[PDB]
Amino acid sequence: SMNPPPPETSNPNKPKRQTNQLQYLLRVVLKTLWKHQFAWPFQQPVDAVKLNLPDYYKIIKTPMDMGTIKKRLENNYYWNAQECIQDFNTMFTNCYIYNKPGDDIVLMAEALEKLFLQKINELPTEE
Ligand SMILES: Cc1sc2c(c1C)C(c1ccc(Cl)cc1)=N[C@@H](CC(=O)OC(C)(C)C)c1[nH]nc(C)[n+]1-2
């Protein structure tokens, strides 16, 4: 069970822009989650080889992680806030799909998601 290529972070064919909401998603949302004590499993794609999770990419067909999101934000990959919000939600949902309630990794995702929800509640109106 080899690892797939990671999600793209650059694509000249994809439209993109800078928006004040995307700036907030980087400076506030990503930065807050990235520094958290429980961020580290989510800072790069799941390595199913090293973790001995050969079923991971049989079950999780839309992988996502904060390393990817960080690069997307820094590299101005997104057209709007919704695209980036969707990536975060994909990441959390994947973790809950693959794992079981009360697992350590699920508690870690839950902690991060609580903070995500607190920050997204104050997403600024588009300028
Ligand atoms: C680098 C990464 S990425 C990751 C994990 C780790 C370690 C952990 C994990 C991280 C921290 C703690 Cl305290 C416990 C588990 N769990 C796996 C699934 C699993 O069951 O893996 C073990 C078989 C436990 C290796 C998982 N699912 N989704 C993700 C994002 N992760």
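Counting from 1, the numbers follow the sequence of the chain as shown. Read the numbers this way: they start at 1 and go in the same order the structure lists the ligands and their atoms.
By the 3.5 Å distance cut-off applied to N or O atoms, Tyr56 is not counted among the residues near ligand 1.
Here the heavy atom of the protein found nearest to atom 17 (C) of ligand 1 is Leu53 CD1, 4.1 Å. The protein heavy atom nearest to atom 20 (O) of ligand 1 is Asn99 OD1, 3.8 Å. At the top of the distance list for atom 3 (S) of ligand 1, counting protein heavy atoms only, stands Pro41 O, 3.4 Å. Of the protein's non-hydrogen atoms, the one nearest atom 14 (C) of ligand 1 is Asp104 CB, 4.0 Å. For atom 25 (C) of ligand 1, the closest non-hydrogen atom of the protein is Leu51 CD2, 3.9 Å.
A distance of 8.5 Å separates CE of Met64 from CG of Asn94, quoted to the nearest 0.5 Å. Atom CD1 in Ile60 sits 11.0 Å away from atom CG in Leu53 (nearest 0.5 Å). Taken to the nearest 0.5 Å, the CG atom of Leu30 stands 11.0 Å off from the NZ atom of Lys71.
Across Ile105, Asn94, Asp47, heavy-atom proximity to atom 8 (C) of ligand 1 is greatest for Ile105.
Close approach to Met108 involves these atoms of ligand 1, each under 4.0 Å from a residue heavy atom: 11 (C), 12 (C), 13 (Cl). Interface atoms of ligand 1 facing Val46, defined by a heavy-atom separation under 4.0 Å, are 29 (C), 30 (C). Atoms of ligand 1 found under 4.0 Å from any heavy atom of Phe42 (numbered from 1 in listed order, with element): 30 (C). Every atom of ligand 1 is numbered from 1 in the order shown, and the set under 4.0 Å from a heavy atom of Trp40 is 7 (C), 10 (C), 11 (C).
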Checking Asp87 against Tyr78 for the side chain to side chain donor-acceptor pair (under 3.5 Å) test, could you report, in this order, the C-alpha distance in whole Å, the side-chain angles of both residues, the deciding distance, and whether it holds? CA-CA 10 Å; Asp87 283 345; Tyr78 295 118; 2.6 Å; yes

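With hydrogens and angles ignored, the 3.5 Å screen pairs a side-chain donor or acceptor of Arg72 with a backbone N or O of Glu8.
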What pairs of donor and acceptor atoms, side-chain ones from residues 12-29 against any protein atom, are under 3.5 angstrom apart with sequence neighbours left out?
unit_1 : atom_1 : unit_2 : atom_2 : d
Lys14  : NZ     : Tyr77  : O      : 2.8
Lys14  : NZ     : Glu83  : OE1    : 2.9
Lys16  : NZ     : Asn11  : O      : 2.9
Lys16  : NZ     : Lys14  : O      : 2.8
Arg17  : NE     : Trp79  : O      : 2.8
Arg17  : NH2    : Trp79  : O      : 3.4
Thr19  : OG1    : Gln21  : N      : 3.3
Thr19  : OG1    : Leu22  : N      : 3.0
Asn20  : OD1    : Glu127 : N      : 3.0
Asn20  : ND2    : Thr125 : O      : 3.0
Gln21  : NE2    : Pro124 : O      : 2.8
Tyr24  : OH     : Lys119 : O      : 2.6

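For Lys61, the NZ atom counts as densely surrounded, since its 6.0 Å shell holds more than 12 non-hydrogen atoms of other residues, nucleotides or ligands.
Aromatic pair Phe92/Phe42: centroids not less than 6.0 angstrom apart.
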